[PDB]
>>> print(open('final08.pdb').read())   # PDB, C-alpha atoms and all ligand atoms
ATOM      1  CA  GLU B  16     118.762 115.504  91.794
ATOM      2  CA  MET B  17     117.681 113.430  94.780
ATOM      3  CA  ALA B  18     115.978 116.277  96.660
ATOM      4  CA  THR B  19     113.635 117.617  93.966
ATOM      5  CA  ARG B  20     112.630 114.110  92.856
ATOM      6  CA  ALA B  21     112.064 113.204  96.508
ATOM      7  CA  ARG B  22     109.696 116.201  96.875
ATOM      8  CA  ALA B  23     107.748 115.296  93.753
ATOM      9  CA  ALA B  24     107.484 111.723  95.011
ATOM     10  CA  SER B  25     106.492 112.950  98.464
ATOM     11  CA  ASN B  26     103.841 115.202  96.902
ATOM     12  CA  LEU B  27     102.351 112.361  94.865
ATOM     13  CA  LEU B  28     102.184 110.284  98.014
ATOM     14  CA  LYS B  29     100.443 113.106  99.912
ATOM     15  CA  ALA B  30      97.828 113.246  97.151
ATOM     16  CA  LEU B  31      97.433 109.462  97.316
ATOM     17  CA  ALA B  32      97.420 109.334 101.147
ATOM     18  CA  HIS B  33      93.697 109.874 101.395
ATOM     19  CA  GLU B  34      91.239 107.000 101.168
ATOM     20  CA  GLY B  35      88.845 108.742  98.777
ATOM     21  CA  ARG B  36      91.486 110.054  96.416
ATOM     22  CA  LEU B  37      93.294 106.714  96.483
ATOM     23  CA  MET B  38      90.139 104.839  95.514
ATOM     24  CA  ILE B  39      89.554 107.177  92.574
ATOM     25  CA  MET B  40      93.130 106.602  91.435
ATOM     26  CA  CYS B  41      92.760 102.838  91.847
ATOM     27  CA  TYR B  42      89.664 102.855  89.664
ATOM     28  CA  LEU B  43      91.418 104.937  87.004
ATOM     29  CA  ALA B  44      94.414 102.589  87.179
ATOM     30  CA  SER B  45      92.368 100.032  85.241
ATOM     31  CA  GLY B  46      91.437 102.512  82.508
ATOM     32  CA  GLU B  47      89.400 105.578  81.705
ATOM     33  CA  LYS B  48      86.162 105.964  83.672
ATOM     34  CA  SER B  49      83.207 108.292  83.338
ATOM     35  CA  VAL B  50      82.202 110.379  86.338
ATOM     36  CA  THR B  51      78.975 108.372  86.445
ATOM     37  CA  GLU B  52      80.967 105.122  86.684
ATOM     38  CA  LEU B  53      83.255 106.540  89.373
ATOM     39  CA  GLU B  54      80.332 107.677  91.531
ATOM     40  CA  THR B  55      78.547 104.349  91.001
ATOM     41  CA  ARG B  56      81.614 102.525  92.335
ATOM     42  CA  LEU B  57      82.451 104.975  95.124
ATOM     43  CA  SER B  58      80.456 105.349  98.327
ATOM     44  CA  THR B  59      81.784 108.907  98.697
ATOM     45  CA  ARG B  60      79.225 111.802  98.709
ATOM     46  CA  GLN B  61      79.130 113.765  95.435
ATOM     47  CA  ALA B  62      80.551 117.014  96.805
ATOM     48  CA  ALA B  63      83.506 115.105  98.225
ATOM     49  CA  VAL B  64      84.146 113.247  94.980
ATOM     50  CA  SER B  65      84.088 116.591  93.180
ATOM     51  CA  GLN B  66      86.756 118.126  95.397
ATOM     52  CA  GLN B  67      88.858 114.951  95.230
ATOM     53  CA  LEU B  68      88.788 114.884  91.445
ATOM     54  CA  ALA B  69      89.769 118.565  91.410
ATOM     55  CA  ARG B  70      92.731 117.848  93.715
ATOM     56  CA  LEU B  71      93.926 114.959  91.562
ATOM     57  CA  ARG B  72      93.619 117.234  88.523
ATOM     58  CA  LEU B  73      95.555 120.070  90.209
ATOM     59  CA  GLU B  74      98.332 117.606  91.042
ATOM     60  CA  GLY B  75      98.585 116.560  87.395
ATOM     61  CA  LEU B  76      97.521 113.017  88.180
ATOM     62  CA  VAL B  77      94.266 112.870  86.199
ATOM     63  CA  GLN B  78      92.975 114.454  83.005
ATOM     64  CA  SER B  79      89.529 114.347  81.452
ATOM     65  CA  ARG B  80      87.725 114.587  78.151
ATOM     66  CA  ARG B  81      84.148 115.168  77.059
ATOM     67  CA  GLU B  82      82.233 112.846  74.779
ATOM     68  CA  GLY B  83      78.751 114.187  74.297
ATOM     69  CA  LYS B  84      77.462 114.822  77.820
ATOM     70  CA  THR B  85      79.828 112.310  79.409
ATOM     71  CA  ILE B  86      83.018 113.308  81.228
ATOM     72  CA  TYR B  87      85.738 110.626  81.132
ATOM     73  CA  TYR B  88      88.647 110.784  83.570
ATOM     74  CA  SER B  89      91.949 108.987  83.061
ATOM     75  CA  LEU B  90      95.373 108.840  84.637
ATOM     76  CA  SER B  91      97.722 111.433  83.193
ATOM     77  CA  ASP B  92     101.016 111.093  85.104
ATOM     78  CA  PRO B  93     102.657 107.749  84.238
ATOM     79  CA  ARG B  94     104.771 107.733  87.397
ATOM     80  CA  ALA B  95     101.636 108.006  89.512
ATOM     81  CA  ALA B  96      99.898 105.408  87.364
ATOM     82  CA  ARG B  97     102.607 102.843  88.069
ATOM     83  CA  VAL B  98     102.729 103.677  91.778
ATOM     84  CA  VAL B  99      98.949 103.266  92.044
ATOM     85  CA  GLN B 100      99.034 100.035  90.061
ATOM     86  CA  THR B 101     101.548  98.649  92.534
ATOM     87  CA  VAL B 102      99.421  99.797  95.479
ATOM     88  CA  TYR B 103      96.318  98.245  93.922
ATOM     89  CA  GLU B 104      98.021  94.937  93.177
ATOM     90  CA  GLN B 105      99.775  94.690  96.529
ATOM     91  CA  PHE B 106      96.893  95.791  98.729
ATOM     92  CA  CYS B 107      94.139  93.930  96.919
ATOM     93  CA  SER B 108      96.092  90.670  97.232
ATOM     94  CA  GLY B 109      94.949  88.339  99.979
ATOM     95  CA  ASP B 110      97.267  86.401 102.183
TER      96      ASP B 110
ATOM     97  CA  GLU K  16      87.231  93.763 101.408
ATOM     98  CA  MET K  17      87.850  96.984  99.504
ATOM     99  CA  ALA K  18      87.475  99.309 102.504
ATOM    100  CA  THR K  19      89.919  97.716 104.959
ATOM    101  CA  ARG K  20      92.550  97.177 102.252
ATOM    102  CA  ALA K  21      92.032 100.780 101.144
ATOM    103  CA  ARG K  22      92.718 101.970 104.728
ATOM    104  CA  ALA K  23      95.867  99.885 105.028
ATOM    105  CA  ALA K  24      97.025 101.235 101.674
ATOM    106  CA  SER K  25      96.103 104.769 102.711
ATOM    107  CA  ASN K  26      98.032 104.315 105.970
ATOM    108  CA  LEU K  27     101.153 103.097 104.177
ATOM    109  CA  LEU K  28     100.944 106.111 101.911
ATOM    110  CA  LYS K  29     100.603 108.468 104.899
ATOM    111  CA  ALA K  30     103.772 106.949 106.360
ATOM    112  CA  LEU K  31     105.526 107.351 103.005
ATOM    113  CA  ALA K  32     104.171 110.882 102.384
ATOM    114  CA  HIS K  33     107.004 112.556 104.224
ATOM    115  CA  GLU K  34     110.286 113.382 102.520
ATOM    116  CA  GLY K  35     112.504 112.078 105.323
ATOM    117  CA  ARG K  36     110.637 108.839 105.867
ATOM    118  CA  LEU K  37     110.399 108.276 102.117
ATOM    119  CA  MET K  38     114.150 108.668 101.687
ATOM    120  CA  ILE K  39     114.813 106.135 104.443
ATOM    121  CA  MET K  40     112.447 103.700 102.744
ATOM    122  CA  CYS K  41     114.081 104.319  99.364
ATOM    123  CA  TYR K  42     117.490 103.523 100.813
ATOM    124  CA  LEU K  43     116.179 100.337 102.432
ATOM    125  CA  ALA K  44     114.510  99.384  99.142
ATOM    126  CA  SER K  45     117.953  98.467  97.803
ATOM    127  CA  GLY K  46     118.776  96.256 100.790
ATOM    128  CA  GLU K  47     119.587  96.238 104.469
ATOM    129  CA  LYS K  48     121.437  99.307 105.760
ATOM    130  CA  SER K  49     123.137 100.100 109.038
ATOM    131  CA  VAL K  50     122.057 103.199 110.932
ATOM    132  CA  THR K  51     125.523 104.613 110.264
ATOM    133  CA  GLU K  52     125.030 104.134 106.507
ATOM    134  CA  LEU K  53     121.552 105.675 106.610
ATOM    135  CA  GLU K  54     122.772 108.777 108.450
ATOM    136  CA  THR K  55     125.776 109.072 106.120
ATOM    137  CA  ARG K  56     123.414 109.143 103.131
ATOM    138  CA  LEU K  57     120.717 111.318 104.706
ATOM    139  CA  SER K  58     121.068 115.037 105.364
ATOM    140  CA  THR K  59     118.418 114.767 108.096
ATOM    141  CA  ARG K  60     119.435 115.708 111.703
ATOM    142  CA  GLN K  61     119.956 112.685 113.977
ATOM    143  CA  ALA K  62     116.979 113.306 116.258
ATOM    144  CA  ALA K  63     114.712 113.502 113.222
ATOM    145  CA  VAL K  64     116.101 110.314 111.707
ATOM    146  CA  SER K  65     115.505 108.597 115.042
ATOM    147  CA  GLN K  66     111.836 109.553 115.173
ATOM    148  CA  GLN K  67     111.371 108.654 111.499
ATOM    149  CA  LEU K  68     112.855 105.202 111.964
ATOM    150  CA  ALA K  69     110.599 104.693 114.991
ATOM    151  CA  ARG K  70     107.533 105.670 112.932
ATOM    152  CA  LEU K  71     108.454 103.295 110.118
ATOM    153  CA  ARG K  72     108.945 100.563 112.726
ATOM    154  CA  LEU K  73     105.579 101.284 114.396
ATOM    155  CA  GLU K  74     103.897 101.024 110.992
ATOM    156  CA  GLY K  75     105.442  97.596 110.420
ATOM    157  CA  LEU K  76     107.436  98.824 107.451
ATOM    158  CA  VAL K  77     110.969  98.282 108.782
ATOM    159  CA  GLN K  78     112.617  95.810 111.138
ATOM    160  CA  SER K  79     116.135  95.736 112.519
ATOM    161  CA  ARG K  80     118.782  93.400 113.844
ATOM    162  CA  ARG K  81     121.972  93.783 115.846
ATOM    163  CA  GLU K  82     125.337  92.495 114.720
ATOM    164  CA  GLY K  83     127.924  93.383 117.304
ATOM    165  CA  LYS K  84     127.458  97.112 117.898
ATOM    166  CA  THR K  85     125.863  97.709 114.502
ATOM    167  CA  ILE K  86     122.112  98.107 114.000
ATOM    168  CA  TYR K  87     120.906  97.020 110.542
ATOM    169  CA  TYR K  88     117.492  98.118 109.288
ATOM    170  CA  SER K  89     115.602  96.401 106.483
ATOM    171  CA  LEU K  90     112.193  96.513 104.873
ATOM    172  CA  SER K  91     109.731  94.199 106.580
ATOM    173  CA  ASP K  92     106.383  94.674 104.797
ATOM    174  CA  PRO K  93     106.631  93.319 101.229
ATOM    175  CA  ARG K  94     103.689  95.396 100.015
ATOM    176  CA  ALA K  95     105.441  98.562 101.145
ATOM    177  CA  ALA K  96     108.717  97.334  99.682
ATOM    178  CA  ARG K  97     107.180  96.985  96.229
ATOM    179  CA  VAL K  98     105.379 100.327  96.459
ATOM    180  CA  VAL K  99     108.627 102.063  97.444
ATOM    181  CA  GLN K 100     110.554 100.288  94.703
ATOM    182  CA  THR K 101     108.065 101.612  92.172
ATOM    183  CA  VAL K 102     108.318 105.124  93.624
ATOM    184  CA  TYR K 103     112.116 104.948  93.550
ATOM    185  CA  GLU K 104     112.253 103.678  89.976
ATOM    186  CA  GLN K 105     109.633 106.080  88.657
ATOM    187  CA  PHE K 106     110.816 109.205  90.444
ATOM    188  CA  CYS K 107     114.535 108.666  89.990
ATOM    189  CA  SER K 108     114.051 108.271  86.228
ATOM    190  CA  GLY K 109     114.913 111.303  84.143
ATOM    191  CA  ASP K 110     112.905 112.471  81.212
TER     192      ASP K 110
HETATM  193  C1  LIG B 201      93.378  97.575  97.855
HETATM  194  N1  LIG B 201      92.333  98.180  97.048
HETATM  195  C2  LIG B 201      92.135  99.613  97.097
HETATM  196  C3  LIG B 201      91.488  97.385  96.183
HETATM  197  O1  LIG B 201      90.632  97.926  95.542
HETATM  198  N2  LIG B 201      91.703  95.936  96.032
HETATM  199  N3  LIG B 201      90.728  95.328  95.209
HETATM  200  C4  LIG B 201      89.741  94.601  95.918
HETATM  201  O2  LIG B 201      89.855  94.584  97.094
HETATM  202  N4  LIG B 201      88.684  93.928  95.220
HETATM  203  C5  LIG B 201      87.700  93.186  95.983
HETATM  204  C6  LIG B 201      88.617  93.991  93.772
HETATM  205  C1  LIG B 202     120.327 107.934  92.504
HETATM  206  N1  LIG B 202     119.760 109.242  92.229
HETATM  207  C2  LIG B 202     120.598 110.348  91.810
HETATM  208  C3  LIG B 202     118.347 109.453  92.365
HETATM  209  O1  LIG B 202     117.823 110.489  92.152
HETATM  210  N2  LIG B 202     117.493 108.395  92.763
HETATM  211  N3  LIG B 202     116.129 108.755  92.852
HETATM  212  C4  LIG B 202     115.687 108.941  94.245
HETATM  213  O2  LIG B 202     116.433 108.674  95.143
HETATM  214  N4  LIG B 202     114.344 109.386  94.550
HETATM  215  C5  LIG B 202     113.930 109.473  95.933
HETATM  216  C6  LIG B 202     113.402 109.734  93.500
END
>>> encode(input="final08.pdb", output="structure tokens")
Amino acid sequence: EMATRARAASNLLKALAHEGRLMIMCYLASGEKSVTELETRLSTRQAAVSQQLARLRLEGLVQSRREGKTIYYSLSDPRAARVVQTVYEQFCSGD
Amino acid sequence: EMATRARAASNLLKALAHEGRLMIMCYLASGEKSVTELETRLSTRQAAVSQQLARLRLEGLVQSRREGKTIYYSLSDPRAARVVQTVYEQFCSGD
């Protein structure tokens, strides 16, 4: 149905419509990243990154695994992955 | 730069992160549509559609032309067009 798929799409976009969460998703769009790598690449403060990761997890958009003492995040919803890949390609392209 | 392109991307997503505006964009993603066609397809109330179209116009995402007494809207930002096409394809696909 058009309504329920429009609400799921709208909800993904609400999760992505935040500069910090979008940047996390863009970094994960190129492959799995440790938390250390994400924080190295992001200028966001650690407490903010932590909430943002939790929100992306709640929304079903990221998952994570432990390897030793490292936490690796990755994209988990393939619809969101493709949307973010399009955003990343389109908005990182110069004119 | 990563910051200014991340803000433009984030702003597109904020404009898209609304069920009514997203549905308009999804309909325009398949080609130019008259206002009459858009309102026939949308269940949204006319005053709401009017504000939503105005917002999409302000954001640079849609443009329009007049042919006789008909107003035709179309997508105007190609980055947004591709993002919406990915949303439409991904979220209209069944499992
Ligand atoms: C648009 N966006 C979030 C993005 O990251 N684009 N990529 C770059 O801007 N560089 C310099 C790699
Ligand atoms: C055509 N049809 C029944 C359909 O669901 N298309 N998908 C969408 O329109 N969205 C907004 C996900």
>>> interface_residues(input="final08.pdb", of="chain K", to="chain B", cutoff="12 Å", atoms="only C-alpha atoms", output="PyMOL selection string")
chain K and resi 16-42+56-59+92-110
>>> closest_residue(input="final08.pdb", among="B:89, B:51, B:45, B:67", to="ligand LIG 201 (chain B)", atoms="all atoms listed in the file")
B:45
>>> axis_aligned_box(input="final08.pdb", around="ligand LIG 202 (chain B)", padding_each_side="6 Å", output="AutoDock Vina command-line options")
--center_x 117.0 --center_y 109.2 --center_z 93.9 --size_x 19.2 --size_y 14.6 --size_z 16.1
>>> residues_near_point(input="final08.pdb", point="(124.9, 100.4, 108.4)", cutoff="12 Å", atoms="all atoms listed in the file", output="ChimeraX atom specification")
/K:42-43,46-56,79-89
>>> write_last_selection(input="final08.pdb", atoms="C-alpha atoms", output="PDB file, in the frame of the given file")
ATOM      1  CA  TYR K  42     117.490 103.523 100.813  1.00  0.00           C
ATOM      2  CA  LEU K  43     116.179 100.337 102.432  1.00  0.00           C
ATOM      3  CA  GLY K  46     118.776  96.256 100.790  1.00  0.00           C
ATOM      4  CA  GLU K  47     119.587  96.238 104.469  1.00  0.00           C
ATOM      5  CA  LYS K  48     121.437  99.307 105.760  1.00  0.00           C
ATOM      6  CA  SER K  49     123.137 100.100 109.038  1.00  0.00           C
ATOM      7  CA  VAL K  50     122.057 103.199 110.932  1.00  0.00           C
ATOM      8  CA  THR K  51     125.523 104.613 110.264  1.00  0.00           C
ATOM      9  CA  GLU K  52     125.030 104.134 106.507  1.00  0.00           C
ATOM     10  CA  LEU K  53     121.552 105.675 106.610  1.00  0.00           C
ATOM     11  CA  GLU K  54     122.772 108.777 108.450  1.00  0.00           C
ATOM     12  CA  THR K  55     125.776 109.072 106.120  1.00  0.00           C
ATOM     13  CA  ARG K  56     123.414 109.143 103.131  1.00  0.00           C
ATOM     14  CA  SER K  79     116.135  95.736 112.519  1.00  0.00           C
ATOM     15  CA  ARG K  80     118.782  93.400 113.844  1.00  0.00           C
ATOM     16  CA  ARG K  81     121.972  93.783 115.846  1.00  0.00           C
ATOM     17  CA  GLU K  82     125.337  92.495 114.720  1.00  0.00           C
ATOM     18  CA  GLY K  83     127.924  93.383 117.304  1.00  0.00           C
ATOM     19  CA  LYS K  84     127.458  97.112 117.898  1.00  0.00           C
ATOM     20  CA  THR K  85     125.863  97.709 114.502  1.00  0.00           C
ATOM     21  CA  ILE K  86     122.112  98.107 114.000  1.00  0.00           C
ATOM     22  CA  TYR K  87     120.906  97.020 110.542  1.00  0.00           C
ATOM     23  CA  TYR K  88     117.492  98.118 109.288  1.00  0.00           C
ATOM     24  CA  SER K  89     115.602  96.401 106.483  1.00  0.00           C
TER      25      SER K  89
END
>>> atom_distance(input="final08.pdb", atom1="atom CA of residue B:75", atom2="atom CA of residue B:90")
8.8 Å
>>> closest_residue(input="final08.pdb", among="K:76, K:44, K:64, K:71", to="ligand LIG 202 (chain B)", atoms="only C-alpha atoms and all ligand atoms")
K:44
>>> atom_distance(input="final08.pdb", atom1="atom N2 of ligand LIG 201 (chain B)", atom2="atom CA of residue K:73")
23.6 Å
>>> atom_distance(input="final08.pdb", atom1="atom CA of residue K:70", atom2="atom CA of residue K:91")
13.3 Å
